[PDB]
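What follows is a single chain, given as structure tokens, in the form deposited in one PDB entry.
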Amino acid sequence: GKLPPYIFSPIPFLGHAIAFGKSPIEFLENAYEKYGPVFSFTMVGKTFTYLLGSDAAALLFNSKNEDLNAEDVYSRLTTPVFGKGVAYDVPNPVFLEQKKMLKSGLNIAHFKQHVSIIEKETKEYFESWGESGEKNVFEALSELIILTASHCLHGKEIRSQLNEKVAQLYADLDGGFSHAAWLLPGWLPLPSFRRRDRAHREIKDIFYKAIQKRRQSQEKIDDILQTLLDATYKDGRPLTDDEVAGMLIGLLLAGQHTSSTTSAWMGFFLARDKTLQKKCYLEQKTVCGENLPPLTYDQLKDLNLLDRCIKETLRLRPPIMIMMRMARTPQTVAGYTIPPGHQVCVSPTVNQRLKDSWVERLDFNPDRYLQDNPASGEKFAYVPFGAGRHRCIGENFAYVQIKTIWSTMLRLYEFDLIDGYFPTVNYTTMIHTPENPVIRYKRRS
């Protein structure tokens, strides 16, 4: 056992907390340069080991959950949010089945319904934006996506109940993902803990009623809720109501912020590159016709440029900057032996931006995918949706959602930067959102 290089800090408990917190990507890129692909450090009492670049990241992406374990690092925070019997509250093999059920629900049939739903929700929402102005697009997209994702992933019944009170319940749930929740005992009656737990109760209740309501109807509905009510584990057991409601909460949380932040970033990338924005609008017309009829799933698959714009946005601004495991058993990578008790980390952000493999790395270039590039060229250089056992199941929905929304948005408006300001990254929020995401827009042609 030869340990990975350890980046010493004189600062007792915090370690590099402050430096890492200010700009993590720069921290990790500098470390990579000085120490190589595999290294360790301590922050706020804990020892972290990073695996940077494709070859090293392979260890995390290939590992069995018995070896590199997700619930050890996640369950404490997620279980009060998503609920019992779901996600990281059960053995991983169970979660894998639950994922299979969800995957089965995320199919082409349902996507075809989703496109119209999302186009409709989007046009209606942006009516309040009028003909022109300067508004906060991240807030717009967050508010819209909570609606679109509910409608698609929860259904019409639940969606019609989605008022501001319920939206706030969902925000209160997000609050469970706090520094306080990580650092402090659960038994402290902190406001955010109280809200989180209260909101979890009220939201489950709404889902309980909607679930029993559908079970009792003879109206055969073909949607994702139905797929869950009809699904079964290998043992044959159907999901309980509490299980289903748990999975519905997850579906929303997963469906919202990863898309909203991403969609916001794409907005500013396209605003900065007006020629690229024009080409996208022209692509709309080419594929769908000059009359611009209602979007269809099949038309989305032909929006190749828009697709590469999403792909490239994800490259430079992946919503999930980190993926972490607890090493239960010793692991070997790059000559080093990582001991049990280490938390093993990967950063899509760093891998997706690495000097050695990405040409003009900090450039937003959708066309980079028309040549040889590390997305096709390597295993794990490009990993915004992860890989292996804990890999994402929502990639196709997310693309459906983001494509439809932005397809519609390009049709409605042309977008510009304000005083040539391109938003900086707000590192203090859980998902790195854009700072001051106010965008200028005027009605399109």
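By rigid core we mean the largest C-alpha set that fits within 1.5 Å across both forms. Heads up: residue numbers just count along the shown sequence, starting at 1.
Participant: Out of 252-260 and 286-294, which stretch has the higher average CA B-factor listed in the record?
Facilitator: The entry gives the higher C-alpha B-factor average to 286-294.
Participant: Looking only at CA atoms, which has the higher mean B factor in the entry: 181-189 or 345-353?
Facilitator: The recorded data point to 181-189.
Participant: So if I compare the CA B-factors in the entry for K311, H114, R317, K209, which one is the largest?
Facilitator: Result of the comparison over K311, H114, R317, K209: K209.
Participant: Where does the C-alpha B-factor of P4 rank in its chain, lowest, middle or highest third?
Facilitator: Middle third by C-alpha B-factor.
Participant: Based on the deposited C-alpha B factors for this chain, I'd like to know if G83 is in the lowest, middle or highest third.
Facilitator: Middle third.
Participant: Please place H432 in the lowest, middle or highest third of its chain by C-alpha B factor as given in the entry.
Facilitator: For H432, the deposited C-alpha B-factor lands in the highest third.
Participant: Determine, from the deposited record, the chain-internal third of the Cα B-factor for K34: lowest, middle or highest.
Facilitator: Its C-alpha B-factor, which the entry lists for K34, ranks in the lowest third among residues of this chain.
Participant: Compare the C-alpha B factor of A140 with those of the other modelled residues in its chain, then answer lowest, middle or highest third.
Facilitator: Lowest third of the chain for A140's C-alpha B-factor.
Absent from the display: the form deposited in another entry. The rest refers to it.
Participant: Please name the single residue among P185, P93, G130, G341 whose Cα shifts by at least 2 Å between the shown form and the other one after core superposition.
Facilitator: The answer here is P185.
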